[PDB]
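Coordinate inspection notes
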Amino acid sequence: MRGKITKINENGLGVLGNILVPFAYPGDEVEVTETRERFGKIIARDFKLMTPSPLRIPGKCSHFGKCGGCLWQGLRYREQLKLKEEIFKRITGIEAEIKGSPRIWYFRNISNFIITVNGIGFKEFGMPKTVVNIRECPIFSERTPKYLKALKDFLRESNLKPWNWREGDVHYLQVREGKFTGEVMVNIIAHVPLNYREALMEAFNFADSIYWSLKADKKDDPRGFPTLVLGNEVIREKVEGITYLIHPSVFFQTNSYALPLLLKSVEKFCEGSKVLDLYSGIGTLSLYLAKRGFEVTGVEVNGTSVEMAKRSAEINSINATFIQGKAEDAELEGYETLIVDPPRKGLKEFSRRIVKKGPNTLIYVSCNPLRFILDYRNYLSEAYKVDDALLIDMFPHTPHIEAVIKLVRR
Ligand code: NA
């Protein structure tokens with residue numbers, strides 16, 4: 001099958017009739033040789049690029065369909081941004097403008113490198129994979145080669161078996177950086193206890209924090225019961241003059257460079273002074289808002305995250321409240337604005353509670369617009385209507401989108 005790629009689909013794959021072609025983009029003239037059935041979709045196993053779309057970076061990226069590394073690496077950056085606006089609108093029927101990442105290389109502040117018998121890779125969960133070789137798409141750090149050399153040296157000295165997909169001593173090397181502080185946390189994720197304390201400390205002597213996280217299951221997901229091996233308990237990231245604390249056990253917004261744009265977006269959409277920030281994390285939005293004079297209550301399920309937020313508040317002299325709990329059970333009355341940042345599965349049934357008891361301004365933060373619009377169509381629209389929306393490109397070179405949607409009551 002030969003033809004011209006007409007659009008990209010929701011997951012950022014180029015469409016060729018009833019074929020999906022990874023790394024092909026709109027305008028490409030392609031020739032597909034092998035396809036593979038994938039849960040009722042036909043996906044191109046490889047293609048030859050006959051004619052480059054005008055969207056591609058001129059050079060090698062206009063001669064080969066797969067320049068390398070990242071699914072969208074071959075698209076010029078401005079052109080990726082417009083394709084993100086298109087997808088968002090196609091999914092939600094909202095026209096939202098996107099703000100680019102101030103920096104489009106080495107922007108992520110975390111990486112879970114999986115350690116396999118086939119060697120070390122950037123892990124991502126889910127099947128239209130978007131970062132397939134981090135050597136040809138350096139989205140994380142300039143120190144990545146030093147992080148990996150260290151790990152290899154440690155696996156030498158500590159004779160320790162990688163993940164062979166059924167078992168293995170070690171499983172992931174998690175590295176986290178504070179982009180604006182220099183601090184580096186190293187978190188080995190393992191299926192055995194640490195024996196080579198000295199070998200590990202030596203290999204990662206440059207890290208400010210070394211952890212060893214013990215997994216109690218064999219599942220392929222990067223989480224444990226962490227043990228400080230050496231150095232600081234946490235690392236610091238600094239954004240908009242706010243010191244945030246990062247622990248192996250917590251989630252933090254992924255792009256320290258685009259994060260000011262997410263913070264100012266949310267602020268622009270706030271209404272009144274009393275803000276409830278559910279899924280409040282290690283205080284990313286809450287501290288930013290409260291520091292700017294909002295009265296801010298944040299609720300987060302992860303207890304370690306909530307501690308981090310409390311400590312940040314002290315460090316920064318911010319006046320705000322932080323509570324452990326599930327967003328499902330937080331009291332919504334008495335507020336002017338509600339922010340939600342749900343996980344990928346969305347609000348789900350919490351929407352009925354928001355429909356009844358929610359405040360006048362609802363702000364919804366979603367890295368997954370298909371799930372947003374479904375929450376909206378299925379529940380929120382009863383009570384709410386979209387008033388405004390912005391996009392932030394937190395994940396350059398890949399089709400992922402971070403949306404900030406402002407809804408108000410009818
Ligand atoms: Na990298």
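So, the environment of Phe180
Within the element layout of this structure, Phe180 appears in the loop between β9 (170-177) and β10 (184-190). Spatially, the C-alpha atoms of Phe180 and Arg236 are 8.6 Å apart, while their sequence positions differ by 56 residues.

Re the state of the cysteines
Applying the stated criterion across every chain, the model contains 2 disulfides. One disulfide in the model links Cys70 with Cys137; its S-S distance is 2.0 Å. Torsion about the S-S bond of the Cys70 and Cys137 cystine: about -115°, corresponding to left-handed handedness. Of this pair, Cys70 sits in the loop between β5 (41-51) and α1 (77-92) while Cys137 sits in the loop between β8 (119-122) and α2 (144-157), and the two are 67 residues apart along the sequence.

Observations regarding the domain arrangement of the protein chain
The assigned domain composition of the protein chain is domain 1 (1-67), domain 2 (110-237) and domain 3 (250-409). In this structure, domain 1 and domain 2 have C-alpha centres spaced 33 Å apart.

Side note on the sheet that holds β9
The 6 strands lie next to each other as β8-β7-β9-β10-β11-β12, forming an open sheet whose pairing is mixed. Strand pairing shows two members of the sheet lacking a second neighbour, β8 and β12 (225-231), which therefore form its edges. Strand-to-strand twist in this sheet, taken as the mean axis angle between neighbours without regard to direction, amounts to 20°.

Focus on the packing of helix α4 (residues 259-269) against helix α5 (residues 284-291)
Direction vectors running N to C along α4 and α5 enclose 60°, while the axes themselves pass 10 Å from each other. Regarding the angle of α4 to α5, the classification is oblique. Here α4 runs over α5; the crossing is right-handed. Between α4, through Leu259, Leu262, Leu263, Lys264, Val266 and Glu267, and α5, the contact on the second element is made entirely by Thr284, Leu285, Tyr288 and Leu289. Residues that form the contact of α4 with α5 fall into these classes: 7 nonpolar, 1 polar and 2 charged.

Examining the pattern of salt bridges
Inspection of the entire model under this criterion finds 21 salt bridges. Notably, a salt bridge pairs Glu34 with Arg36, separated by 2.8 Å at the nearest N-O pair. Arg311 is the salt-bridge partner of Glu233, the closest N and O atoms lying 3.3 Å from each other. Within this pair, whereas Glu233 is found in the loop between β12 and β13 (235-239), its partner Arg311 is found in helix α6 (residues 303-316), the two being separated by 78 residues in sequence. By relative accessible area, which is 33% here, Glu233 ends up partly exposed. Judged by relative accessible area, which is 23%, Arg311 ranks as partly exposed.

Some remarks on the UniProt feature "active site" in the protein chain
In the numbering adopted here, UniProt assigns the feature "active site" to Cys367. In contact with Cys367, other than residues within four places in its own chain, are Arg344, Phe395, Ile401 and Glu402.

Side note on the nonpolar core
One finds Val21, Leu278, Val340 and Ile354 to be the most contacted residues of the largest nonpolar core, which totals 57 residues. The biggest single contributor to this core is α1, with 6 residues. Formed jointly, this core draws a minimum of three residues from each of two domains, domain 1 (1-67) and domain 3 (250-409). Judged by nonpolar contacts, the second largest core, of 41 residues, contains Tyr244, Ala258, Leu287 and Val404.

Focus on unusual backbone geometry
The general pattern is negative phi for most residues beyond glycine and trans for most peptide bonds. The phi torsion at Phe23 lies on the positive side, around 75°, for a residue other than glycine. Among the secondary structure elements, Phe23 is positioned in the loop between β3 (19-21) and β4 (29-38). Among the residues examined, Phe23 registers a relative accessible area of 9% and is labelled buried. The phi angle at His397 is positive, at roughly 70°, despite the residue not being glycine. Looking at the secondary structure, you find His397 in the loop between β20 (384-392) and β21 (402-409). The exposure class assigned to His397 is buried, which follows from its relative accessible area of 3%.

Rules used in this analysis
Residues numbered from 1 in each chain as written, not as in the entry; some residues may be left out. Heavy atoms only, no water. Helix = DSSP H or I, 4+ residues; strand = E, 2+ residues; numbered from the N terminus. Disulfide = S-S within 2.5 Å. Domains from an automatic or database assignment. Pairing = 2+ DSSP bridges. Axes fitted to C-alpha atoms, helices over the stretch in contact; angles between N-to-C directions. Parallel < 35°, antiparallel > 145°, perpendicular 65-115°, else oblique. Left-handed = near helix turned anticlockwise from the far one by under 90°. Contact = heavy atoms within 4.5 Å. Nonpolar A, V, L, I, M, F, W, Y, C, P; charged D, E, K, R; others polar. Salt bridge = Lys/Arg side-chain N within 4 Å of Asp/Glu carboxyl O. Buried < 20%, exposed > 50% of the residue type's maximum accessible area, 1.4 Å probe, protein only. UniProt positions renumbered as here; feature names shortened; annotations may be inferred. Core = buried A, V, L, I, M, F, W, Y, C linked by side-chain atoms within 4.5 Å.

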